[PDB]
Each structure stands twice: as C-alpha cells, then as structure tokens.
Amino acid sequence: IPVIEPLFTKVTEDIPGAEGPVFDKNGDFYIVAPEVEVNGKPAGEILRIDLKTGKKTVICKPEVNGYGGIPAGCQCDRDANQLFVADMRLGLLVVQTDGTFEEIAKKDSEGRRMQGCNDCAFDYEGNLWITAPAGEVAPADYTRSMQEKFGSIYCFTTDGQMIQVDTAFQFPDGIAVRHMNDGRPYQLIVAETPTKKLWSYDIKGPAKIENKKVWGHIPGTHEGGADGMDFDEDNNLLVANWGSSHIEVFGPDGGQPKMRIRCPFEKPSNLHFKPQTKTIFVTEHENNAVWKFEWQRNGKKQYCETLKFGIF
C-alpha cells in the first residue's frame, strides 16, 4: 500500500489522552483531555487551544453529582455554536463556549440506562450518531467493552430521542457518516477497535440503520486499531490506527486501505480537518499532543459548516 509522509507540525502539548479535536463555528479549536484525574478519579477536561501560541485554556471540567467526566469526542452543532461531547462516564454532553454544560441523557428511549460514549458524528439532517464502548454512565461503576461485547451505538435525533440502534460491539470507537452528493445521509461507518474492523450500515432514515457489514479491514496485529475517523471531500475515509504509527486512507468502497499516512508517533487517536483547508489536526497518545499536517484535499464539510437556510 502506498505510504506518504507529510510534514507534521506541532500544535500543542501535555494533554492527557488528547482526543476529540473539533472546530467551532467561529473557527476556534478545541480538544478533550479525557485522562486527567484528580486523586485517581476522573476529572477530564475540554480545552480551547489558541492556534497562534499553542496555549491551552480549560473551558469545562464536567462533573455530575461529584462524578467527573472522561470526555472523549466532539462534534460542533450547526444552529447554535455549542459542542456535543461524547463522555465515557457521563454519556452525551452539550457544552457552551462559556464552559457551562448539560448532560443529555441518563436513560435511552426505551428507559435503559445510558452507556458512556466515545465519539460522535452529525449527519446533514442534524441527527447525531454516537459510539458507546463504556458500560452504564455514572454513578454506575465504570466498565468498558474491550474484552466483552457490550458496546452500543446510539442515534440522538432532532426530536430529542436517544435511540439505541445497535449493540454487542467490542469497543465501538470512531464513527462517520457518508452522504450522497445531494446531502442525503446514506452510510454509517463504525470502528470496532480491537477487532481491526470498520463496520458499515445503510442509513435508511433518522435512527434507522440496516445491513450491517464488515466494510473495512485495519492493518496490523498491534494492540490498538481504528480510533477516530473523518471523510475528505472526495469521500475517502481517513482513520487513525492507534498503535500502528499510521492513519489509514480508505476509498469510498472500503476493503483495504488505498494509502497510509505515516505519523511520527505510534498512537494517533483522532483527527479533524480545519474548515476550508486541507489541514488535518491530529491528537496522539505517544506524546499526549496535537499536531497538524496537509492532506491532498479539503475535508468533507461537517454539519456545522452547512447552512440551515441555504438556497443551494
């Protein structure tokens, strides 16, 4: 498989478990530090990074009834400048730029206790697809589906339902939505980390997925596997392969990667394009740091970059 070796430029440092890179509607850049702990208990953080200086500001250190969060992944909303954050202890949070936040769900649409979440992806219809590799949210004792298949997938819909849409994954992690050129969502891709697979479904409608399939194969026998992912503007899927020192690039039909991108570190965890550029910001756990590099083309627009009131 062809491998390219772009120049990685350091962005910021010392972010425990650096994850969830995201740009808001003002172009501000955020990351989460899920692994910050106080007295051995979770005290994860959501940070804003000043791209000019690399200086970090913690805007939110979420805790619910004394249970601190493990915020792990993010998406920016479209209609309001607020971040939806998947948290391994707290489930799904909505966080404002002022640092205030709310916890969205203690239970799902069927009254089942909510599971801790890892990453999420808005489709263009505004529905939010979320991976949930942890067990029940706080105050339940923390567990994760790395050994046993209890990880779930949710769709948090525009009408505010938190719908469990699949179950029994061994650590579902990255997630992405592919759209038709006319903007209709039609495929969901979900990383199952340790099994070295990417799974696909057909999106039939809000919270409606069918035709589960093993869509892609992640290279390697290292400990780790697919972590975060995102599409570029031609619908190639770029996937951080934690432990492999590469980001894998899959073409629109999946299968094996068509190209790999060598990183100067073994553990890329997640990535995000900066809007209107070819720049991909990458979080990684070898150094607990953030970097950026130039890809071959622009990212596929995120939901936050689209317009509610477009004409075209």
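Quick note: we count residues from 1 along the sequence shown, nothing fancier.
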Report summary line: Ranked by mean Cα B-factor in the entry, 42 to 50 and 252 to 260, top stretch is 252 to 260
Report summary line: The stretch whose C-alpha atoms carry the larger average B-factor in the entry, 218 to 226 or 153 to 161, is 218 to 226
Report task. Just grab whichever of 180, 237, 207, 72 has the top CA B-factor as deposited. Result -> 180
Report task. Go through 127, 143, 187, 241 one by one and give the residue whose Cα B-factor in the PDB entry is largest. Result -> 143
Requested in this report: Rank-wise, by C-alpha B-factor, drop residue 138 into the lowest, middle or highest third of its chain.
Outcome: middle
Requested in this report: Place residue 28 in the lowest, middle or highest third of its chain's C-alpha B-factors, as listed in the PDB entry.
Outcome: middle
Report task. Could you tell me which third, lowest, middle or highest, the C-alpha B-factor of residue 174 occupies within its chain? Result -> lowest
Query raised in the report: Thinking about Cα B factors across the chain, which third does residue 80 belong to?
Result: middle
Query raised in the report: Among the chain's modelled residues, which third holds the C-alpha B-factor of residue 299?
Result: middle
